[PDB]
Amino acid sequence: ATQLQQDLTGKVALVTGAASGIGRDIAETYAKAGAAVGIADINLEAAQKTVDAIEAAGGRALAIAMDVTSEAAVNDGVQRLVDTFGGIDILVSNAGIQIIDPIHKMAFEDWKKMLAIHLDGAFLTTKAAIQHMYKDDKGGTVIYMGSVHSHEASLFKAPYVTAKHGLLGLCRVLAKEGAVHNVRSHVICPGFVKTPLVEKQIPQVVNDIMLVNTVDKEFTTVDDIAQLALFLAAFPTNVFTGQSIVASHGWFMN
């Protein structure tokens, strides 16, 4: 007989985009599970508010100014975490934005900004993290925040769908490369969640366009994603390495 593992005591996690939404719930969930957590965001003030809440709730956290499009900012922020907490056991590459336009109208600047945040961010944070994890084959976990848009398309989201599909590719290479150093990789693929990234979109409908391909017309929640991220991060074996897991109430059945 067995039981679920969820203790991250002694572990150090870095979550990008951790000032808000899904990242913030993953960070606070990891801190409640006993991890020391780096709150990495381009918004340093918002990151420090998250850290203050985590510390008041009895956890350990560090606010890290990090534009994930910048090699220097990624390398310096990972080093700050390692200097502060002694290492890095978990990376969640979660920072993201949305920019909506049809391909024939979309600015090339907006295309490149989307790939810079979603794909360059994923590459830079992965490379920095695994350089530490590969030391003495101690290993670690890398989770990418994908989407149902890793697996299928929607109108007017060309660069987002391109990026979220690409994150599967990066995850699958890291599973192969990382195996020899005890590094496992996963992609979590949510459906729509009522974060600021989405409550933004609703004004600029729920049952008829956004939840139309769910089986039950339910939003995915931040706690759905944070529970799956804790289950993966705490998992005692590398059995899930290379996998994507869709959390979408039946929108794309993987």
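All residue numbers refer to positions in the sequence shown, first residue = 1.
Check the residues of the deposited sequence separating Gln204 from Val205 and report how many of them have no coordinates, as none, 1 to 3, 4 to 9, or 10 or more.
The entry leaves 10 or more residues without coordinates here.
Determine, for stretches 133-141 and 177-185, which one has the higher mean CA B-factor as deposited.
Result: 133-141.
Using only C-alpha atoms and the B-factors in the entry, which stretch averages higher, 40-48 or 213-221?
Comparing 40-48 with 213-221, the higher average CA B-factor belongs to 40-48.
Using only the C-alpha B-factors in the record, can you name which of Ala229, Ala27, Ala53, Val68 has the highest?
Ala53 has the highest C-alpha B-factor of those listed.
Choose from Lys112, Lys127, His165, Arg80 the residue with the greatest Cα B-factor as stated in the PDB record.
Of the candidates given, the C-alpha B-factor peaks at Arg80.
What third of the chain does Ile22 rank in for C-alpha temperature factor, lowest, middle or highest?
Middle third.
Can you tell me which third, lowest, middle or highest, the CA B-factor of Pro236 falls into for its chain?
Ranked within chain, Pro236 CA B lands in the middle tercile.
Ordered by C-alpha B-factor within the chain, which third holds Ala153? Give me lowest, middle or highest, please.
As the PDB entry reports it, the C-alpha B-factor of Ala153 lands in the highest third of its chain.
In terms of the CA temperature factor given in the entry, to which third of its chain does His104 belong: lowest, middle or highest?
Tercile = middle for this residue's CA B-factor.
Quick check for you: using the entry's CA B-factors within this chain, is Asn75 in the lowest, middle or highest third?
Middle third - that is where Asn75 ends up once the chain's C-alpha B-factors are sorted.
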